Amino acid sequence: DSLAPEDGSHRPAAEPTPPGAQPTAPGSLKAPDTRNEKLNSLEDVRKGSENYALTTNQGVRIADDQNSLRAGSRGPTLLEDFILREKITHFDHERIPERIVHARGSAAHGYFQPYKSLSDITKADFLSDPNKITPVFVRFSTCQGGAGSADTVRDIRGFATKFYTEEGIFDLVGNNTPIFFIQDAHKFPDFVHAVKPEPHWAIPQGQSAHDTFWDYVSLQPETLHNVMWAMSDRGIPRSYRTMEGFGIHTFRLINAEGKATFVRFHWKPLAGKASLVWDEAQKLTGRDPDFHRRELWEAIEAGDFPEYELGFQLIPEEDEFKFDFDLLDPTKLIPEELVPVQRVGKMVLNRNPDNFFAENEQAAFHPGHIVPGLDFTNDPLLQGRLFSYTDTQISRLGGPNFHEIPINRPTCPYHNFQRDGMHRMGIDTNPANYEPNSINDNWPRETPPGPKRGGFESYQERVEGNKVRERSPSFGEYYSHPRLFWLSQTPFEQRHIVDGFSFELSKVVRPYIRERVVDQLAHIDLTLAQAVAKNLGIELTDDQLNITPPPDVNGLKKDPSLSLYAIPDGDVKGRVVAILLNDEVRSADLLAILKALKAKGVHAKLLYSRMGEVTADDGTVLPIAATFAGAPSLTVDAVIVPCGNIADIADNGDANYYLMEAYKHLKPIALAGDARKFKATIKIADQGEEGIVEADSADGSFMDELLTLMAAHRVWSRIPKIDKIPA
Amino acid sequence: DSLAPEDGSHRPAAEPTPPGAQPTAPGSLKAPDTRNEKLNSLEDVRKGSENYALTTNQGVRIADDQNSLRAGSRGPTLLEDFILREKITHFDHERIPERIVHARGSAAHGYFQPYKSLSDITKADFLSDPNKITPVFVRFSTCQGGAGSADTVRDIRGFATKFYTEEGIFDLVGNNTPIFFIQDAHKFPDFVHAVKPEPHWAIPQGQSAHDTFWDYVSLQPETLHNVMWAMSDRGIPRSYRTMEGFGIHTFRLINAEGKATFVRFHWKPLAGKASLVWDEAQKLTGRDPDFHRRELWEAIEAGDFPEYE
Amino acid sequence: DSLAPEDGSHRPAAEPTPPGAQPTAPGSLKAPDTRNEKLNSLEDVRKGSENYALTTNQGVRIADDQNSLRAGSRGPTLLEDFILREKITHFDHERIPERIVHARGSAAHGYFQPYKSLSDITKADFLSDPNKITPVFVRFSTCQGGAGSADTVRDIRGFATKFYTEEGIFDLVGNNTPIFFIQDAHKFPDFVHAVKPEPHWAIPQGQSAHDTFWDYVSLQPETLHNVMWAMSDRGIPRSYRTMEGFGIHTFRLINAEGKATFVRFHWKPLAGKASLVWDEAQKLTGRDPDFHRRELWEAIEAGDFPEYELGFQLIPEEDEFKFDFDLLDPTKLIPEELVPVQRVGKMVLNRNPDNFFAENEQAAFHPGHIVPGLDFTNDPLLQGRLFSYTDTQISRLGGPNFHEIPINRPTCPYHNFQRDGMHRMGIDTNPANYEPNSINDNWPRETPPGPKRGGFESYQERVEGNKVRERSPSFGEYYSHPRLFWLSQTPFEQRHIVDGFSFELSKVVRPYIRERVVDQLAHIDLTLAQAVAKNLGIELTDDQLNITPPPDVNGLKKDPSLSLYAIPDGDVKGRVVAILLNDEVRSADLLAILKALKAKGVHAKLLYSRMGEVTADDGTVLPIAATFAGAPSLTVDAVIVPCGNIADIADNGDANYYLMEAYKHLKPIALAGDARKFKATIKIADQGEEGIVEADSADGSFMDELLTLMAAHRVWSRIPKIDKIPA
Amino acid sequence: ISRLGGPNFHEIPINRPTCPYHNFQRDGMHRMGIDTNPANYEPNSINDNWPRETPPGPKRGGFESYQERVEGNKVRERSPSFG
Ligand code: HEM
Ligand code: HEM
Ligand code: HEM
């Protein structure tokens, strides 16, 4: 045949295009000129296709790939069909075990560069010079669900970064909240068992809203801090581009003089912090369970590269015990009001992978993979993680040679006396496979530690204690950080936390677990406890009403850096606006709308009651991106309704529903000319309302008003009004 | 200790109860008196819990299952903590590869019995006497999505039955529509690749609504029949109890005299045929991605046993 | 540091050197200028060592590769030691499952070239042009034992050849005998279980001399033909360089016009056929269980490259039923007297691998791997093999991407829609992973069958019959081929067959199995059966004595091509002679001996009672290779004793034993001057005897005589005399 | 785990303890034991925290390491006493 069309419409343009303009494709075909040392080094295993003959894996050309070999055209298939058997066998063996946690994830390639040399505090080569660029590979993920679960669940998110440094791979394997649920790695199977689907029936997926999770939390108050972050809007990010990242544990930075400095790692999203609202997130898991995966991929194809600032909280070794919390306790955060985040460098994700399985699914990150200039601490959760990644990757990725899988390979040299193992790629020519050896003059050889290019030596921390299985008494405080978090949130963020706990505990079948969680909230803050209790039909006791609130954290009664929205940081580039078309669109409005959006890097999606095209007043042919039902308001940041023949869409139920949903979800809406007739559906004032942009036409200040609302993300003042709308 | 409440409300009643009345539980605890030969034969590997000491896998009692062994209560974790290492090791290796297709599925135990002896057309032992009961294990599934994807997607459903007969295991591995998309098994990897998530970005999950599926369909008209069924409300069943089942292929029955009879296998839902509507099914993928799994489980806990002829 | 010596004696010369002259080494270091297309394409995975730092697999330099990280120098090891954990983990996972059969094997690289274009009979591209060179990788093996078992056991040998052709990989997976034990693949697990170590105790290794094997054989007379070959000296080859190879099955050759020709594949050893004798092979299993592996590696390092001529027996389609046996029956051979072997091309093995595990142990051959121009037949052993190799290789090599392990990769192009699988190396950029597709204009595309570069199409053989599990009546004849083999053997080869059966059946514990085997031998030949029975204390019945011998094969009462030795083909290049020195060797004799050996490509190993050196009469310092006991006569082809101070070695028990062993095992012996005193230890007459070269000095005709004996391999006329020697 | 195929090698007959073994570990390739415990974690109230930890004691007690005193720096160094 064949039938790719004559117009060449099958193939997407190899240039940045806005979401939905062209079919997506493998990164190296979408952006062939985007390169980095790692992307180039993968060239040996990239496999093309065009102009090549179809063959078996042994290189034999196939003549007929449509039929098995049989004795007669209606006869039995013959065992000698080696073509069919290789093809079916490889298909039969396609799947590998998904990760134990973080199985649902989306990744991209990029690069990192420090703003200045950090040689006074660390000898890490990748932070030693502002013009030294280090390729990275980043994988973002949910945490509980399987690899086929949905993106916009309520859950913690993983944020893992593989740095291909000149002195080794450093993996920074963090999450989107600055603490973890538990204190010691020994409890990790217990916690993860409690949050994952229950064992009898394997329900629920991607949800902590079930009895065993809340049983565990209620019995293990150390979890309450991260639970508070998960119940807030932090648990439902708008995009991986708009959430923070944290390494959680205190690590060490080691300089050339041997000085150790404690450090906690942060990633700041340069697109700003932004989250969905629960009803929107939950409905989006049904409308588009691949929303975050798609959003990341389309941002990079559009040139809206995710950018993050690496930042360090630095504490001198002499200040280890100066806080009212233990620095080694992963359930405690270090307030930025106490220890500021120093900016360190920028990370840009600018290329999607070519093959998700080969590059994303087989990537292996490990917090153990550190480099000279970095070291660990005794945090008891970090200590046990050091054992687990290595162990799980051998079974997940089939053997001990997972570092030879292309995405995992260092770009710098690697030489040692390790040999064999399943799927061994490297063919070693060294005469010796042991050291010391004389037969190869002891090569490859050990290298002493030094200021640069030196071997790894651990910091010589003094260890003094008996061999004990004991929690440090300093870790036995569970309510002051949850309280600090609570008081740092805005009133509307506090309401959403309450709503999250209420919704989750309403799904817990055993009422006494609900009551025990409420009792724990009474140890954090009474207003919080009472608001959740009222939603659960629970009444606090007199004793509960008199629980003394936990102490402030080093005199802090709040830290605004813990809130998503108290300090504006809203950027609109990369956001999307739905434009609800009609069959006689006033092109003056459309011109003005698209020009204003284009100027700020905001994308548009043209919607209608059907697919195809509609023609504007002026004759302009407009292509329809999707239908009102086909691409609901859940997927956009704002909605504009231009003037024209509004009767065409005024009696359309889907069109009205579109605005009711967007209104409920606090998204800015802009109506021009006769589009103002839609105000009745969303029942608000004859004279108007903050959050609803309206004018006779879409001109000068109309688009400016709409853009200012989008920079603020959502219209929080509309909260009290949304409860009367049936949406 | 003593974390359970003194009114015993942690434990669900061991008697049929309506959906939502009691917490769900393992079948043998919820219905200890429901038995069959296969269920009885699994007793040798069933492991209890109550009143036993917590141990390693080698039988060593654990004293402190809350902490790793370290040098000092704020010190480094020690390599000799064999208890931590067994526990983390087993956790680290919990997962196995999901099924290539039909990775999302929900299953139950039951039994079969023929209405009358079918010896005139087949010598299969399990079809030879109305009083002969055959334990079964049935797994229903979606077809495209992974094991963690949602139940009420638009897709073909699998309906697989393992009959534990006295002359061997017979597995009847069918779907909820009477035909399949393709004609020759050589094309199965092509079709499946086309319907599954696209390879550059692995989207979309649980959906045939993407370009590669329709490209393949457009190029292979043999697919149109099953496509018609999938696009109908057949592709969004109300429950596994309310859909039909088919073996699809023509098989043979062979009687004692050696006569072969062509046969196609069917399962009729005794609860009747019933499907959702698209907007409902898609929204239900978001509000309860485990809706069919939950519905199956709770119907059985309530005594509303799924029955098929 | 500095472990290597200053004289550079740790490093072997990168030039051809005789066995034992230099330490052996990886092939690319030993022979860097030897190349072929496959060796060159492996360069991307070869890893060096000299002048590089020692690192983890992630690229981090190691400073101390001698110690674990601990709390205090006498303290507990710390979980955070990621360097120790990676190194120990990779060691812990070094082994993979051995092959189910042919686990013990030795391999080398080389090349093949046809003598002329065979386009008239086959369109296979690698046989299309005399100038077309095809790289090969060949693995020879025993069949029963584990990878750690001994080389010189009595067993069939595997001979597998991977051809890296321009139109795909062609694997020719043969054995050193022209038939197999069984007729249908369904019984392979039964046969292999019977031959392998018994299941209760896992004894015996590398031996078919145990009850279950002979039980099976006695019950399944189809096995008798191959058992005859295995009991002959064919089951104990001198080296892989001196055995034959066969494809066994009838396959097909397909030309451009579509004509099918039946073909059986053969390999002829250009060094000639040669085998050990049983006592020598058994003792060598103890002294040097790696004898064949060492002999192959050392021959290539010396430039004595193994050479084999590929040959075809061709039968026209219309002659399928012209013989007394079925061409599809793999327990039947095609006598060369009926169908000559046509010479096709030459194969030369000229480079050893770099890493045994990576290249040899992970190599995967499959008889299924054919190319356009070749096809299968209905042989029911071959048919079942087509299924098995695919299946076993996935578990053995870890997944469905074993074709990406370097040694298995094709050198020609390979492109298809297969994806994923554990350890996926290739990163596919095709936008499509299915066909037919329009999104990549249907590439990679199928190719029609044609005269060259065409897609594979099976020959359209007519199939007619019911679906049955039934053996063809034509295969139900079991004794005529065993009888033809027996009658084709020399008298001393016949005696060795008798002795094989007798030794093996003496180790069968259940006497009735021995008796049943003797009864089977009575159906093949009465002389054979009575000679085995007399060694077992079994007396044939009158009925056994009157069993009619089976018919001749197509009129043939013998075929000399079935004998190892009936038609001389002895070459001496590559063979070794032990020279037994004394403390005052006569230099004149040594000069002449070495020069004559050197001129024919025969190696020498200078032996003495101790290591070090000895000084010859004229001051020549003579380096000692090994001692009389450290390098027994088992390892050499002949023994020369030069003149000098014979008293120094005449009272040496080890020296005398050296000659008694060599004598017993039929090796040529040459004694010069006072060395003739050793004649009494081997009880040879005063006058002399054929096979013992003697003179006053070692020159003119003495070396010619010895080399003439070496060309005839062993001294068969001395068999009657070796019985009286206590050795 | 790689030699014997997964983390349930303790269920291979020759390796099995003859004494009781109960805990919250689940799944893994070739899982033989079918756990009926409502809970797969601890602490839990839904099975009244069983199976439960046991204090160390004279007999039938839980395992507790001997409280050896550790005092030193983190070092990759051979004791001089071993030289
Ligand atoms: C501060 C606490 C933790 C953080 C921030 C964290 C973060 C993550 C992330 C982001 C991933 C996915 C990396 C990827 O995208 O492939 C991951 C995977 C994983 N984590 Fe951790 N995790 C933490 C605690 C733990 C603990 C305590 C353990 C066990 C002791 C653990 C065991 C695992 C395992 C087994 C995997 C799967 C790795 C693989 O298959 O390649 N995690 N974790
Ligand atoms: C009439 C057409 C087909 C039907 C009705 C069918 C039905 C099913 C069902 C219901 C399952 C899941 C069983 C379970 O619940 O575990 C399944 C699994 C599977 N199907 Fe089929 N299928 C069909 C065609 C095919 C074809 C043509 C192939 C390949 C040649 C194939 C390969 C597989 C594989 C590899 C699995 C996973 C099995 C496992 O991992 O246990 N299917 N199929
Ligand atoms: C004419 C009869 C046969 C011949 C000449 C033959 C020859 C060989 C040889 C030479 C090897 C080792 C290849 C290497 O060096 O890696 C081998 C391996 C093997 N053979 Fe065959 N064999 C025969 C019959 C069979 C049959 C009938 C079966 C099964 C139905 C079979 C199954 C195997 C398997 C499973 C392996 C191991 C393959 C691997 O792990 O890569 N063989 N055979």
Side-chain angles (χ1 to χ4, degrees), chain A residues 88 91-92 97-103 105 107 139-141 143 156-160 173-175 179-180 182 185-186 188-189 192 246-249 330 363-367 381-382 384-385 387-389 391-393 396-397, chain B residues 88 91-92 97-103 105 107 139-141 143 156-160 173-175 179-180 182 185 188-189 192 246-249, chain C residues 97-103 105 107 139-141 143 156-160 173-175 179-180 182 185-186 188-189 192 246-249 330 363-367 381-382 384-385 387-389 391-393 396-397:
Chain A
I88 296 302
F91 171 73
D92 287 342
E98 61 185 24
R99 295 158 169 74
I100 206 281
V101 290
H102 298 297
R139 183 169 178 286
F140 296 109
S141 55
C143 286
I156 285 162
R157 296 307 191 283
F159 183 158
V173 191
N175 284 350
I179 67 284
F180 198 61
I182 64 168
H186 196 80
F188 197 73
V192 168
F246 299 96
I248 289 173
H249 317 287
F365 302 81
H366 186 338
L381 187 65
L382 166 65
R385 288 180 76 192
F387 172 68
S388 178
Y389 294 75
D391 179 47
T392 207
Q393 292 159 3
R396 184 166 74 81
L397 306 171
Chain B
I88 295 302
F91 169 79
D92 288 345
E98 70 179 24
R99 293 159 175 73
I100 188 89
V101 285
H102 302 291
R139 178 172 182 283
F140 296 110
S141 56
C143 285
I156 307 302
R157 298 316 195 267
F159 187 156
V173 185
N175 280 351
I179 64 290
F180 194 61
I182 57 159
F188 195 70
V192 172
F246 302 91
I248 291 174
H249 315 289
Chain C
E98 70 188 17
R99 287 162 173 81
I100 182 83
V101 288
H102 301 293
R139 184 174 179 278
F140 300 102
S141 51
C143 281
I156 302 295
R157 295 306 194 280
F159 184 157
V173 187
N175 283 347
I179 73 277
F180 194 63
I182 61 168
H186 192 87
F188 196 70
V192 174
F246 295 97
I248 295 181
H249 308 291
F365 302 90
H366 187 332
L381 188 66
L382 178 52
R385 290 177 77 199
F387 172 74
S388 180
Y389 290 72
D391 182 48
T392 202
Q393 278 157 16
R396 186 160 70 83
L397 296 172

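Chain A is the first sequence line, chain B the second, and so forth, proteins listed ahead of strands; every chain is numbered from 1. One-based numbering, in listed order, for ligands and for the atoms of each.
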Spacing of CZ belonging to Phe246(A) relative to CG belonging to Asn175(A), to within rounding of 0.5 Å: 10.0 Å
Nearest non-hydrogen protein atom to atom 1 (C) of ligand 3, with distance, is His249(C) NE2, 3.2 Å
Nitrogen or oxygen of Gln393(C) less than 3.5 angstrom from that of ligand 3: yes
List every atom of ligand 3 that sits less than 4.0 Å from any heavy atom of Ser388(C), numbering the atoms from 1 in the order shown and giving each element. 29 (C), 30 (C), 32 (C), 35 (C)
Shortest reach to atom 30 (C) of ligand 2 by a heavy atom, considering only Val101(B), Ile248(B), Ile88(A): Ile88(A)
Hey, is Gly174(C) one of the residues with a heavy atom under 4.0 angstrom from ligand 3? yes
Could you tell me whether atom 28 (C) of ligand 2 has at least one protein heavy atom nearer than 4.0 Å? yes
For ligand 3, note which part of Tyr389(C) has a heavy atom under 4.0 Å away: side chain, backbone, both or neither. side chain
Closest to atom 17 (C) of ligand 2 among protein heavy atoms sits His102(B) CD2, 3.4 Å
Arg396(C): numbered ligand 3 atoms lying under 4.0 Å from its heavy atoms: 39 (C), 40 (O), 41 (O)
Measure centre to centre between the rings of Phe188(A) and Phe91(B), then say whether the value is under 6.0 Å. yes
A student checking ligand 2 against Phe159(B) at a 4.0 Å heavy-atom cut-off should list atoms 10 (C)
State, without any angle test, whether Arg385(C) and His366(C) hold a side-chain donor-acceptor pair at a distance under 3.5 Å. no
Could you tell me the separation between the CD1 atom of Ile100(C) and the CZ atom of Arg396(C), rounded to the nearest 0.5 Å? 11.0 Å
Return yes when at least one protein heavy atom is under 4.0 Å from atom 23 (C) of ligand 2, and no when none is. no
Could you name the option among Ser141(B), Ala160(B), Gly158(B) that has the heavy atom nearest to atom 13 (C) of ligand 2? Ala160(B)
Distance (rounded to the nearest 0.5 Å) between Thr392(C) OG1 and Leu397(C) CG: 8.5 Å
Report the nearest protein non-hydrogen atom to atom 6 (C) of ligand 3: residue, atom name, distance rounded to 0.1 Å. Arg385(C) NH2, 3.4 Å
Atom CG of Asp92(B) and atom CG of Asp391(A): how far apart are they, to the nearest 0.5 Å? 4.0 Å
Provide, to 0.1 Å, the distance between atom 31 (C) of ligand 3 and the closest protein heavy atom, together with that atom's residue and name. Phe188(C) CE2, 3.3 Å
Note: ligand 3 atoms sitting under 4.0 Å from heavy atoms of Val173(C) are 5 (C), 7 (C), 8 (C), 9 (C), 10 (C)
Side chain, backbone, both or neither: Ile182(B) near ligand 2, heavy atoms under 4.0 Å: neither
Out of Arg139(B), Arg99(B), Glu98(B), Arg157(B), who gets a non-hydrogen atom closest to atom 40 (O) of ligand 2? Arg99(B)
Which of the atoms of ligand 3 are close to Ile100(C), meaning less than 4.0 Å from one of its heavy atoms? 34 (C), 35 (C), 36 (C), 37 (C)
Considering residues, nucleotides and ligands other than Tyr389(C), do more than 12 of their heavy atoms fall under 6.0 Å from its OH? yes
For atom 38 (C) of ligand 3, find the nearest protein heavy atom and state the residue, atom name and distance (0.1 Å precision). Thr392(C) CG2, 3.6 Å
Out of all atoms in ligand 2, which are within 4.0 Å of some heavy atom of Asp92(A)? Include the element for each. 35 (C)
Can you tell me which residue and heavy atom of the protein come closest to atom 4 (C) of ligand 2, and the distance to 0.1 Å? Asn175(B) ND2, 3.7 Å
Identity and distance of the protein heavy atom lying nearest atom 2 (C) of ligand 2: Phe180(B) CG, 3.8 Å
